[PDB]
Amino acid sequence: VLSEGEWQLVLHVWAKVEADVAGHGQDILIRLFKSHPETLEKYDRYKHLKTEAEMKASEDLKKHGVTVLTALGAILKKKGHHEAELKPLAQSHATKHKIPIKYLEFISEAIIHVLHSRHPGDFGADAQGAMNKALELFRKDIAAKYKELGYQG
Ligand code: HEM
């Protein structure tokens with residue numbers, strides 16, 4: 001469980017993401033694909049994109065980044081009370097996309113990297129801690145729902 005303080009830190013930095021959701025979403029996906037190129041295969045959509053520049057020009061990648069962050073944002077704003085938001089996400093990701101928990105770790109690392117790159121002044125150790133805990137909670141809960149659905153990823 002996070003403390004109220006911890007949630008406030010998460011949501012304060014998240015308000016900065018919300019100033020430019022698309023641009024944050026692009027940076028996060030590109031960082032994920034750069035750092036762990038195997039994930040780009042579990043994205044048949046724009047898995048063909050060959051340079052950083054093509055990635056930044058892709059309207060389809062940009063739109064997806066907004067869809068990912070909007071869903072994560074809605075989850076974080078529930079401060080742990082996220083069953084109704086998380087269940088459908090687990091369903092899709094376990095049964096259709098087949099995304100292992102390790103890939104949720106990879107994108108969590110990308111989120112943290114981009115938040116610190118863009119907002120160092122609102123993303124010091126205490127804020128990093130808090131966001132790390134929120135993303136851990138998300139992954140723990142999603143993994144439990146994966147298992148319920150019969151997916152051990
Ligand atoms: C913070 C983590 C994540 C969030 C919040 C998230 C959210 C979403 C959302 C909302 C959708 C569209 C609705 C749905 O199909 O569920 C989506 C689709 C998808 N996600 Fe994720 N996702 C996350 C992580 C990942 C990772 C790490 C991968 C692959 C490495 C992945 C692969 C996909 C794919 C393949 C689709 C289908 C897209 C399409 O065909 O248009 N997701 N995700």
Side-chain angles (χ1 to χ4, degrees), residues 1-43 45-47 49-90 92-93 97 99-146 153:
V1 174
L2 278 69
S3 66
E4 181 59 27
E6 290 165 339
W7 290 113
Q8 292 184 10
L9 291 171
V10 170
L11 300 184
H12 175 80
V13 74
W14 200 257
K16 312 286 182 171
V17 172
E18 292 187 347
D20 185 4
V21 178
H24 283 79
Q26 284 170 304
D27 286 1
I28 289 168
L29 295 179
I30 296 168
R31 173 63 177 189
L32 170 67
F33 301 147
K34 178 173 99 157
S35 303
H36 303 280
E38 66 269 36
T39 54
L40 187 54
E41 304 168 345
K42 272 278 155 92
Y43 261 74
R45 240 278 145 260
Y46 35 77
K47 59 174 320 180
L49 297 173
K50 289 307 170 44
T51 64
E52 203 197 51
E54 276 176 351
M55 288 183 165
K56 292 184 167 75
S58 171
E59 195 182 358
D60 266 343
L61 179 160
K62 177 180 56 171
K63 288 176 185 174
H64 191 60
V66 173
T67 294
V68 170
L69 303 185
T70 296
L72 181 56
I75 286 161
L76 299 173
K77 291 176 184 177
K78 307 305 169 288
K79 304 184 284 186
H81 295 90
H82 56 217
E83 171 176 315
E85 296 69 29
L86 189 67
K87 190 187 290 185
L89 189 71
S92 60
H93 285 62
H97 314 317
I99 307 305
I101 296 300
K102 64 191 312 189
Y103 282 17
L104 299 185
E105 294 176 327
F106 294 162
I107 198 173
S108 291
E109 291 162 17
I111 292 163
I112 298 295
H113 177 263
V114 172
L115 291 178
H116 186 253
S117 297
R118 286 170 82 128
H119 315 288
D122 291 288
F123 210 63
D126 292 353
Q128 295 171 36
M131 180 64 74
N132 278 321
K133 287 191 182 178
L135 295 177
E136 280 168 28
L137 175 60
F138 162 81
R139 292 192 309 273
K140 176 180 178 297
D141 284 357
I142 206 164
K145 294 198 181 313
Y146 274 11

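Below, all heavy atoms of this structure are taken into account, side chains as well, without hydrogens, waters or symmetry copies. All residue numbers in this chain count up from 1 along the given sequence.
- Atom CG of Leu29 sits about 13.0 Å away from atom NZ of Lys62, to the nearest 0.5 Å.
- With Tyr146 contributing its side chain and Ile99 its backbone, the two residues share a donor-acceptor pair below 3.5 Å.
- Atom NZ of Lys133 is surrounded by 12 or fewer heavy atoms from other residues, nucleotides or ligands within 6.0 Å.
- Rounded to the nearest 0.5 Å, atoms OG1 (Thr70) and CD1 (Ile75) are 11.0 Å apart.
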Can you give the donor-acceptor pairs under 3.5 Å from side chains of residues 104-112 to other protein atoms, not counting sequence neighbours?
unit_1 : atom_1 : unit_2 : atom_2 : d
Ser108 : OG     : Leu104 : O      : 2.8
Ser108 : OG     : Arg139 : NH1    : 3.0

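- Between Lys102 and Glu38 there is no salt bridge, since no side-chain nitrogen of the basic residue lies less than 4.0 Å from a carboxylate oxygen of the acidic one.
- Salt bridge status for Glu52 with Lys56: present, with a side-chain N to carboxylate O gap under 4.0 Å.
- The shortest side-chain heavy-atom distance between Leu69 and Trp14 falls under the 4.5 Å cut-off.
- Around CG of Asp20, the count of heavy atoms belonging to other residues, nucleotides or ligands within 6.0 Å exceeds 12.
- Atoms NE2 and CD1, on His82 and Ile142 in that order, are 9.0 Å from each other to the nearest 0.5 Å.
- With values rounded to the nearest 0.5 angstrom, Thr51 atom OG1 is found 8.0 Å from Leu49 atom CG.
- Here the shortest heavy-atom pairing between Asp141 and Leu86 reads CB-CD2, 3.4 Å.
- Between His24 and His119, the distance separating the two ring centers is shorter than 6.0 angstrom.
- In plain terms, the two heavy atoms of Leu137 and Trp7 that are nearest each other are CD2-CZ2, 4.0 Å.
- When side chains are defined from C-beta on, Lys79 does not count as touching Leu2, because their heavy atoms never get closer than 4.5 Å.
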Residues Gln8, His12; criterion side-chain contact (heavy atoms from CB on, under 4.5 Å); working and verdict: CA-CA 6 Å; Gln8 292 184 10; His12 175 80; over 6 Å; no

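- Using a 4.5 Å cut-off on side-chain heavy atoms (C-beta onward), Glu136 and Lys140 make no contact.
- Other residues, nucleotides and ligands contribute more than 12 heavy atoms inside 6.0 Å of the CD atom of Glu4.
- Between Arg118 and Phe123 the shortest side-chain heavy-atom distance does not fall below 4.5 Å.
- With contacts defined as side-chain heavy-atom distances shorter than 4.5 Å, the pair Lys42/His97 does not qualify.
- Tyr46 has its side chain out of reach of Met55: every pair of non-hydrogen atoms, C-beta onward, lies at least 4.5 Å apart.
- The neighbour count for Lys34 NZ, taken as heavy atoms of other residues, nucleotides or ligands under 6.0 Å away, does not exceed 12.
- Between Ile28 and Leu32 there is no side-chain heavy-atom pair separated by less than 4.5 Å.
- Nearest heavy-atom pair, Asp122 versus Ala127, reported as atom, atom and distance to 0.1 Å: O-CB, 3.7 Å.
- Side-chain N or O atoms of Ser92 include one that pairs as donor or acceptor with a backbone N or O of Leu89 at under 3.5 Å.
- Between the side chain of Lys78 and the backbone N or O of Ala74 there is at least one donor-acceptor pair closer than 3.5 Å.
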Residue pair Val114, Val17: steps toward the side-chain contact (heavy atoms from CB on, under 4.5 Å) verdict: CA-CA 10 Å; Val114 172; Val17 172; over 6 Å; no

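- Proximity of a side-chain donor or acceptor of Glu6 to a complementary backbone N or O of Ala130 within less than 3.5 Å is not detected.
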